[PDB]
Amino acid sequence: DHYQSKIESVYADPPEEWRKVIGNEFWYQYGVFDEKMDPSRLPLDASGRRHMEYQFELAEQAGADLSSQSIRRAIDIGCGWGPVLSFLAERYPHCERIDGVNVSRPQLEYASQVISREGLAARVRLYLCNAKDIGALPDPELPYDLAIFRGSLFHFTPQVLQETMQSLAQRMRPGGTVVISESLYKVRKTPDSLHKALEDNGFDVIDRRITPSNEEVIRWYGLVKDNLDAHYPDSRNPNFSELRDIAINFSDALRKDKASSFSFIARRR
């Protein structure tokens, strides 16, 4: 993968710096802003966690096997700073093995400290590994029950996507659940291109909808940009600048309804 070096370097700044920008829980793929969002926590932390929850409610409603004794091994593909690793360990205390995979070393070092200081090292495993290489993860005899792609697919070429889905198919039992959040154009990736790549690789889409709303995602980018303006006004950091560019330019594509955040719940055949 020739685009990995560019992905690694864009998430390379200190967690202390990123904390000011996206929240203390480091949720980095939008948020649901409804009556079940916690009003006590930072809007970004509460909405981001509420988005993950809402997606598991959609999955459950769509007929996915997400019961306590159905989830023995989960994988978080492009796990960022690790917010979903902690969330899975709490939602599934009897899940034996939660594997995070990421290409970003600084994200995994932070995730590693959080997992450790909350005594989750027993169950949560962190791998510096391209999503296309998940076929090389340990213990192939123990299949995946659950797979999360929270905002990770944007960074994938068609080839990496293909290889990631091939590899996950081979490592995932029939009926294992795939929970995907991604921003897609409705005219890089579209709903239909992603639907195709899933169905071409042994996955059935059982729920497919806009989530969160364009209104809510615009608001989420709002909160980020306010934090970016207050902490990095003078475009000192080229990575935070590039996030400002995206917050501005994608918010406008969302305003013109040229794109949306999509939830895809799929199921291994």
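In case it trips you up, residue 1 is the first one in the sequence shown, and so on.
S.K.: Enter the number of deposited residues without atomic coordinates between residue 187 and residue 188, binned as none, 1 to 3, 4 to 9, or 10 or more.
M.R.: Count of unmodelled residues in between: 10 or more.
S.K.: Test of understanding: from the entry's C-alpha B-factors, which stretch has the higher mean, 90 to 98 or 73 to 81?
M.R.: So the stretch with the higher mean C-alpha B-factor is 90 to 98.
S.K.: In the PDB record, does 22 to 30 or 38 to 46 carry the higher mean Cα temperature factor?
M.R.: Looking at the recorded C-alpha B-factors, 38 to 46 comes out higher on average.
S.K.: How does residue 212 rank on Cα B-factor within its chain, lowest, middle or highest third?
M.R.: Bottom third by C-alpha B-factor.
S.K.: Which third of the chain holds residue 123 when residues are ordered by C-alpha B factor: lowest, middle or highest?
M.R.: It belongs to the middle third of the chain when residues are ordered by C-alpha B-factor.
S.K.: Just say lowest, middle or highest third for the CA B-factor of residue 163 relative to the other modelled residues in its chain.
M.R.: Middle third.
S.K.: Rank-wise, by C-alpha B-factor, drop residue 157 into the lowest, middle or highest third of its chain.
M.R.: It belongs to the middle third of the chain when residues are ordered by C-alpha B-factor.
S.K.: If you rank the chain by CA B-factor, which third does residue 62 end up in: lowest, middle or highest?
M.R.: As the PDB entry reports it, the C-alpha B-factor of residue 62 lands in the highest third of its chain.
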